[PDB]
Each structure stands twice: as structure tokens, then as C-alpha cells.
Amino acid sequence: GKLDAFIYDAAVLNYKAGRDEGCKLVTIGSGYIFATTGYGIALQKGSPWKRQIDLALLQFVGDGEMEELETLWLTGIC
Amino acid sequence: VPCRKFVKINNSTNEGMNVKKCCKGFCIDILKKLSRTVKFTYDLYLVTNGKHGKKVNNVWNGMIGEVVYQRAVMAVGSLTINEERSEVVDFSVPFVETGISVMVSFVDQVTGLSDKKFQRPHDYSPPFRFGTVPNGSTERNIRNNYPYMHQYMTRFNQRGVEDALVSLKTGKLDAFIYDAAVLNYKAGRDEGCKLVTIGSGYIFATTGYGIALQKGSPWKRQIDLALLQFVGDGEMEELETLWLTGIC
Amino acid sequence: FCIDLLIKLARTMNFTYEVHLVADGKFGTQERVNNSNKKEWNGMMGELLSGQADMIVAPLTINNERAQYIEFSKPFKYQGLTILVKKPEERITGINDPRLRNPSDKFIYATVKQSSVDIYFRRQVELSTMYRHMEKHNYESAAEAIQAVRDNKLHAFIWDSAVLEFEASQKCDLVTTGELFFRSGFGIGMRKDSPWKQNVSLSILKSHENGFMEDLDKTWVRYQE
């Protein structure tokens, strides 16, 4: 009770609420009145590795393997 | 995976064609994972003589005739294990708990092999009926258990698994004796679910499914390690989730 | 049970025997000896590989590690794993409980110290949290866990199926879980390539084909109270 609310990123708080004892803290929505951005991979300007990394990410998303990793490393209870 | 089968053209001559077809399923996944792990080469094809195997006066047939006479190496497909099959070849370790079971139409009439129905159908007022598949090792198991049961089953025979399924759905058959998990898979995808299994393998045979290899094969220890690797990490449970549907 | 199995083996094949017991209450694990960085075994495997024992007649948990070192026979028992609880969600329904994925000081679950279940979980590279949690509460024998959960001090215990089914038939407060995972088999612990393998395995299969397994069920398994 030393703080009322806390502004942070969405999915990390979703993972912390998905493993919290009793689920006392409650999130707000799913990013409706928020930024709702994404995470990428930062590369330097002029690196030739960008296209292969993009093809590998589109391979990892487009087969459910990314969904399997998100099922493994996230638990959306309560 | 590709496969071939020597299918004959007509019944006057013995000439035929090796028709090439595609194969999926559970043992196909087992063979693909063995090719991933052990890193060998396989020559998969279908049998043309018939069923699993039956000693017709010291003459075998089917996959037993292919393995014992050394025209092939091993059988990835399912096979029941009894005394003389373990005499003629060497089986691997089992991987799945598949006994036998009886399919009938919660209340339960038959309790198991110690049923009072298994003495005389004149004791009960409706004359019921139950048989097995022809040329099967379950017939040999019954003939080693009870020859009188074979004498009653001789008038109760049938032809096909799907034919016996249609006979149970319409009413041309009362009960049927088969293995457990295959009937569980056929009942888990059946519309209506009127046919109810009996027990979970308590008064039954409770055997397993292995891979028969030749006597003295060097691959036997590697296959025995690979099966325990495939079961001991939940990957066999993943294949059971893929190829079985446990309802209710 | 296994004493009557050995009686059946001595009735089938004529051989005498010498029944003794292992010095501890452990199966045997692969542990660093405290000098020269050498692997050693202990327990029943440590007494078997030293030449002091000949045949381990025990419900041996068949795995890939022990198959690399010794030869195995055909399994006589076929069963899975289950959770011992005492009787709001009083059941757990297996490993897929998310509260057991990230445990705490409330859900107290453990297993027998130096058991093959711990090795099977050690192969599982995605359940290291349970491996770090259960190491603080491992007991010597399973009867210690039965007595501890009898005093409502434990909360879950991974164990074989039919043993806890028989204990549930003995005591009605002992409740098993619903799921059935790790469907494996228990056989006879054996040596390497030896003439005591083929004839003994044929005798075991002869015990499988007849109603002697049903007779052993009539002794202990089918008998209820």
C-alpha cells in the first residue's frame, strides 16, 4: 500500500500478474488508451544481416513456433 | 512418406504392379523421429500376402514371413506379442500400454473375462453374439485360453473392423473383442458415442506394442535406447495428443 | 508380490536363490565420488555392479540412462504417475497446474531422495523450478512421505499409480489425481549379456499370457476392503 498505481510496460505486468499469489493487482484493459507499440531488433545503419533476420522472424511467427514460445513463457491466468 | 504395394491386375495371372502411394499416421511419425535421431535409411513398403502372421503348418505369412525369411528387416507397424512370435524373432521394448477390450453398446453389463455371459448364451434370455477378426492373434489367444470359447465363436465370426462397427451401430452384432486403444480412438471420433468401452484393461490381456527385429540385429540396442528417449521426454505424449482424442 | 514372482520363476526353472536387502532406501543415482572426479553408482545398482548381487528383483524404473549400462528384461508392471492428496480445488490435475509451475511455501510437494523420478525430471529441461523446489524436502522413504501427508504436513507427492491405489483401498482419505502421465513399465533389474536373460524373459511372458497376472491381482491388486 505504499503506492496506488504504477505506469510500466504491458506484457511484463501481464506476466507478473499471471504468476502473482492470489492475483490481487488488476491490469487495465489491453492497451486501448495506451501507446500499444512493439519490440523489434536494433541493427546498425547499413548492416547486411537485416534481411535474413527479418526472414527468420517471419518464419518463426508464420508457423506457430512463436505462439509455442509465448505459451511456454507466458501464462494468462486470472 | 512414399510406399509401394505389389497389387495384382487379374486373378488368372500372378503379374502385378508396384503401385506407389502416400503414408501418414502414428508409426510413420515414429519412423520419422527414428530417422531424425538414429540417422539411418529406411525402405518402407506394404505387405501383399495379408495380415500380421499365422503359422500354417510350420509356414508363416505376411510380415512374419518377410522378417523370418529375411526379405525385410523390421516392422515399424503395430504387432501383438505372444510366445511363438518371441520364439521366431526378437522384439524390442514396448512403448504404449495397449491391452485388449470388448466393445458393447453409467451402467455396465460385462465386468471382464470372468463374466457369467462367457459360459453359455442360453443362460441369458436374449441370445447374444460376439466375435473377432479372422486370421488374428486374438483368436490364438482365445484358443490358448478357452477352446470352448473358440467353438462358440466359430458360429460368431465376421469379416471387417469397419464391418463389425457398422454391425454394432445398426444391431447386427452385440459385442466385439479387439484391442483397447484402437477402439478408444474409434469411439473418440464417432458421432453419437452410443458404443461404450468396458473398463481400462483390468481383467484383460494388458500387453504392449513392440518392434520385431531379426535374431542378432545390431540395431536392437539403439532402438531400445531411442524408444526410451522418445517416451522419457513427453514427445510420445505429444504424439498421443496428436493421434488420440480423449473425450469425456 | 515379487517374492511370489520369484516363487513362480523357481517353479518354472529349477534354480535356488539368496534373498537379501539393499543397505539403504534409495534406488541409486549417478553421483560424483569425492576424489579424482569419477562417476559412481550406489544403492541397488551400486550393490549389483560390485558383484555382491546377482539379480535385482524390484519395480525398476526403466529409463534411457540405465539401459546404456545394463540390459533390461520385459516389464511385468504397466502403470503411470499420480499425485497423493488428502480429502475449493482439492485436486491438482497433474503437472499443468500453473501454481505448481511457480510454487511457494504453501503447496509443499516433493519426492523420494535419489529417485529415478528426479532423474526423469532432470531430463526435463523446462521444469527446473520444480527441481530446485523439491530438493529442500526430499525424504528417505515413501512411507515417510505417507506419514508426513497423514499429519497434513505435505500437499502433493508424485508416485506410481497402483501403489497409491492400493493405499487408497486401505485408507479412504488417501486420494489420487485424475490424470495418467508417464505410462511406463516396471521389470526385473538384470546384468549384461548372460544366459539368465532369454529363458527368464520367456518365463515372464508365460506368466503374462496365462491368468497368473490375474492371480497376482487376486492376491493384492483386485483385493479391496
# chains A, B, ... in the order shown; residues from 1 in each chain; ligands from 1
>>> closest_atom_pairs(of="chain C", to="chain B", cutoff="7 Å", atoms="only C-alpha atoms", output="Markdown table")
| residue | atom | partner | partner_atom | distance |
| --- | --- | --- | --- | --- |
| C:63 | CA | B:228 | CA | 5.9 |
| C:64 | CA | B:228 | CA | 5.2 |
| C:67 | CA | B:225 | CA | 6.7 |
| C:78 | CA | B:97 | CA | 6.9 |
| C:120 | CA | B:232 | CA | 6.8 |
| C:124 | CA | B:233 | CA | 6.3 |
>>> closest_atom_pairs(of="chain C", to="chain A", cutoff="12 Å", atoms="only C-alpha atoms", output="JSON lines")
{"residue": "C:96", "atom": "CA", "partner": "A:75", "partner_atom": "CA", "distance": 11.1}
{"residue": "C:97", "atom": "CA", "partner": "A:77", "partner_atom": "CA", "distance": 10.7}
{"residue": "C:98", "atom": "CA", "partner": "A:75", "partner_atom": "CA", "distance": 7.5}
{"residue": "C:99", "atom": "CA", "partner": "A:19", "partner_atom": "CA", "distance": 7.5}
{"residue": "C:100", "atom": "CA", "partner": "A:19", "partner_atom": "CA", "distance": 10.2}
{"residue": "C:101", "atom": "CA", "partner": "A:19", "partner_atom": "CA", "distance": 8.8}
{"residue": "C:102", "atom": "CA", "partner": "A:19", "partner_atom": "CA", "distance": 6.7}
{"residue": "C:103", "atom": "CA", "partner": "A:19", "partner_atom": "CA", "distance": 9.3}
{"residue": "C:104", "atom": "CA", "partner": "A:21", "partner_atom": "CA", "distance": 8.7}
{"residue": "C:105", "atom": "CA", "partner": "A:21", "partner_atom": "CA", "distance": 11.1}
{"residue": "C:106", "atom": "CA", "partner": "A:21", "partner_atom": "CA", "distance": 10.4}
{"residue": "C:107", "atom": "CA", "partner": "A:21", "partner_atom": "CA", "distance": 11.8}
{"residue": "C:126", "atom": "CA", "partner": "A:72", "partner_atom": "CA", "distance": 8.9}
{"residue": "C:127", "atom": "CA", "partner": "A:72", "partner_atom": "CA", "distance": 11.1}
>>> write_last_selection(atoms="C-alpha atoms", output="compact mmCIF listing (two decimals), in the first residue's frame")
# COMPACT_ATOMS: atom_id res chain seq x y z
CA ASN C 96 -0.34 -28.48 -15.79
CA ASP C 97 -1.33 -26.53 -12.66
CA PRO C 98 0.15 -23.02 -13.10
CA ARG C 99 0.56 -22.62 -9.33
CA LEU C 100 2.92 -25.62 -9.35
CA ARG C 101 4.91 -24.03 -12.19
CA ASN C 102 5.80 -21.12 -9.87
CA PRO C 103 5.41 -22.64 -6.38
CA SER C 104 5.65 -21.07 -2.93
CA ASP C 105 5.78 -22.15 0.72
CA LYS C 106 2.12 -23.28 0.63
CA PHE C 107 1.98 -26.10 -1.95
CA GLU C 126 11.67 -27.00 -18.87
CA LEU C 127 10.85 -27.89 -15.23
>>> atom_distance(atom1="atom CA of residue C:206", atom2="atom CA of residue B:177")
21.8 Å
>>> closest_residue(among="B:48, B:154, B:60, B:116", to="residue B:17", atoms="only C-alpha atoms")
B:48
>>> atom_distance(atom1="atom CA of residue B:77", atom2="atom CA of residue B:90")
15.0 Å
>>> select_by_dssp(residues="stretch 47-81 of chain B", states="helix (DSSP H, G or I)", output="VMD selection string")
chain B and resid 63 to 68
>>> write_last_selection(atoms="N, CA, C and O atoms", output="compact mmCIF listing (two decimals), in the first residue's frame")
# COMPACT_ATOMS: atom_id res chain seq x y z
N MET B 63 4.00 -60.26 -42.57
CA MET B 63 5.20 -59.61 -42.06
C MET B 63 6.12 -60.59 -41.34
O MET B 63 7.34 -60.41 -41.35
N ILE B 64 5.55 -61.63 -40.73
CA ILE B 64 6.36 -62.68 -40.14
C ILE B 64 7.11 -63.45 -41.23
O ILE B 64 8.29 -63.77 -41.08
N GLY B 65 6.44 -63.71 -42.35
CA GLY B 65 7.12 -64.35 -43.47
C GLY B 65 8.14 -63.46 -44.15
O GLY B 65 9.05 -63.95 -44.81
N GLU B 66 8.00 -62.14 -43.99
CA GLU B 66 9.00 -61.23 -44.55
C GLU B 66 10.21 -61.08 -43.63
O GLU B 66 11.34 -60.93 -44.11
N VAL B 67 10.00 -61.11 -42.31
CA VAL B 67 11.10 -60.88 -41.38
C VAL B 67 11.86 -62.18 -41.10
O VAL B 67 13.10 -62.19 -41.11
N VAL B 68 11.14 -63.28 -40.87
CA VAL B 68 11.78 -64.55 -40.53
C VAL B 68 12.58 -65.10 -41.71
O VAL B 68 13.71 -65.56 -41.55
>>> atom_distance(atom1="atom CA of residue B:27", atom2="atom CA of residue B:75")
9.6 Å
>>> residues_around(residues="residue A:17", least_positions_apart="4", cutoff="8 Å", atoms="only C-alpha atoms", output="list in words")
residues 13, 23, 25, 26, 27 and 78 of chain A
